[PDB]
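First, one chain by itself in structure tokens, the form deposited in one PDB entry.
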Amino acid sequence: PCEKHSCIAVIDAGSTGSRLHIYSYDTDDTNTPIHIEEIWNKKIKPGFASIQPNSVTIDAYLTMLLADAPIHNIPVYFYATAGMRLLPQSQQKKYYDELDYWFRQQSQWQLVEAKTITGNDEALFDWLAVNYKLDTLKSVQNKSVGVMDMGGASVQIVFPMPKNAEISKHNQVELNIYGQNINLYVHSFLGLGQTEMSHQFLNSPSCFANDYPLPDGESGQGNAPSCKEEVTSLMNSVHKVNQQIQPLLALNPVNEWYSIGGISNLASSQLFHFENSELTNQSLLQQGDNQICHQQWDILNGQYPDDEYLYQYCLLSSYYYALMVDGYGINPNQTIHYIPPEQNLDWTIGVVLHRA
């Protein structure tokens, strides 16, 4: 396949593991990739930031990730995300030093770049990946498409916005895709991903089902509106999500919202019911409140003993609402599309489009 087409490997070194994607593609007369096809996909655990940065450990890890790969001599991008951003730069440097050394010795993998990408770059790739799959990149669009990525340690938001001298250059991207100039606003909130966020609310009774045992000895007494208010304080009083994002969405309205990441998992669980891979925040909060927050934990756990994430669904439904409604200012009745978890839609497609 890499015989008659171009090929690229992109490694997503994420929070819970690393995923190797190998893509074939052709290039059109705008110097933009087309016919992007994933020819190989392998995931290993644990996350890169959770292993020791030495030559023995890195070799085992990278050998495991790449060894069976049926396609050999191709350029590689190794991109780590928020899990690595949480580590001191001096600690990150150890990983990248070892990784450069490992790839040098491999005559079959040509390492182009290995780095911890910013949340802003991640947001750019998120937007490219979704829009590529919706087939909205090829021609100048009537409608504005926004993407929200709901990650473990960070969340990203990205939408079209003309160049603005009053906004940090770090929050703005310019790119040309299929011959058209695009200007995007990008933002990442490090610490507001669901795992990192959750560590501030583990002892909040309003955020767990009735009688759920909290770490410090109290009991769950769930109430989604109360939990949502607690989470909103982290969003707005600490991160100032509302102050930063709402003015920009007011002035640069989004016609269609697409969400990727954790929300797709929650919405696709047996506890929530949504049609057409779409939800509204109003519905999400109401369902979380009724089906989890105000249930008895023992009864709930007995009906669904196989979902290890169930216990968190009161907090998560409250958190998504706090983020989208209280943070981003999205109307509770606004349709939000979520990309089905089973779908071969991954942010690494954006790396192909932008960097291949």
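In this text, rigid core is short for the largest set of C-alphas that superpose within 1.5 Å between two forms. One-based numbering along the sequence shown.
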item: Entry-level comparison of average CA B-factors, 118-126 and 71-79, reporting the higher stretch; value: 71-79
item: 172-180 set against 140-148, stretch whose average Cα temperature factor tops the other in the entry; value: 140-148
item: Residue with maximal Cα B-factor (values as given in the PDB entry) among 312, 331, 63, 287; value: 63
item: Identity of residue with top Cα B-factor, from 204, 242, 154, 264; value: 264
item: Chain thirds of CA B-factor: placement of residue 39; value: highest
item: Third assignment of residue 188 from its chain's C-alpha B-factors; value: lowest
item: Entry-reported Cα temperature factor of residue 163, expressed as the chain third it lands in; value: middle
item: Residue 277 by Cα B-factor - lowest, middle or highest third of the modelled chain; value: middle
item: Within-chain third of residue 11 by Cα B-factor, per the entry; value: middle
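From this point on, the text means the form deposited in another entry, which you will not see here.
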property: Rigid core superposed: residue 308 CA moves 2 Å or more between the shown form and the other one; result: yes
property: Cα displacement of residue 344 between the shown form and the other one reaching 2 Å, rigid core superposed; result: yes
property: Residue pair residue 341, residue 306 - Cα distance in the other form, closer or farther (3 Å or more); result: closer
property: In the other form, shift in Cα separation for residue 344 relative to residue 178, 3 Å or more; result: farther
